[PDB]
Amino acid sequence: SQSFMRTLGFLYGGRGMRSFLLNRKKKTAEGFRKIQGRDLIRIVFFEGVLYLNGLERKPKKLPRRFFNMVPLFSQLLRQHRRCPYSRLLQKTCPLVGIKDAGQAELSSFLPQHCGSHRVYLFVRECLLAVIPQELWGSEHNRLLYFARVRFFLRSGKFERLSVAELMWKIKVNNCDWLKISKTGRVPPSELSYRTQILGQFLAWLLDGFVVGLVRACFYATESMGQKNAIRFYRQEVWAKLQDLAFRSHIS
């Protein structure tokens, strides 16, 4: 009965990496399969997340522009599967006696939450370990984006995301992976289309990737503990708090 954690994780989060987007399987006619670079391109640029559930749109074959991105996104998925998420959580906002709890009280774990700056460091290390450098386009573009994530996580307004703010001063043409040609002048419609694709990716990267990690690895609550402040608990510590709260009140 381990199917529950995936389902409840998908709906409500706070159950760890198992229900994280990149760990999900694509549904075939007879069952399920691991996702490949081509599948990810579909999720990011074409059908969206529902591609995993069978949603199809034309073109079926990837255009040449997006076909050339396959190796890079395959690389991304490979780096994701090799990423030591537990280690990175343990070296940014580690657990304090959760598996060794023994007989600790509820108040012992209440102070054990992660500040938004710590949640940034974890998410920052994840971006460095998973996202291939050539996808950033430049060192300038990676640093601007990292600053955008920092502000986003600090603000605590996860629904007030702005693409215009995310893309501001990003150098679109630094990203070779958007292009089908380096020869000749770049017309407005091509630049506009390059901006459109990069928008999708950068926006996915915040909403899908970054927020995905936050949703899976943490649980935020609006207590506890005074009004008003948002506290992020590692989902393991949150699972401990729920358990001890509902054991004393349930004989």
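Start at 1 with the first residue shown and count on from there.
The stretch 92-100 shows the higher mean C-alpha B-factor when 115-123 is compared against 92-100 in the entry. The mean Cα B-factor in the deposited entry runs higher for 60-68 than for the other of 191-199 and 60-68. Taking the deposited Cα B-factors for 133, 155, 141, 75, the highest one is held by 155. Per the PDB record, residue ranking by Cα B-factor puts residue 220 in the middle third of the chain. Split the chain's modelled residues into thirds by C-alpha temperature factor. Residue 40 is in the lowest one. When the modelled residues of the chain are ordered by their C-alpha B factor, residue 213 lands in the lowest third.
The deposited CA B-factor of residue 31 belongs to the highest third of values across its chain. The deposited CA B-factor of residue 241 belongs to the middle third of values across its chain.
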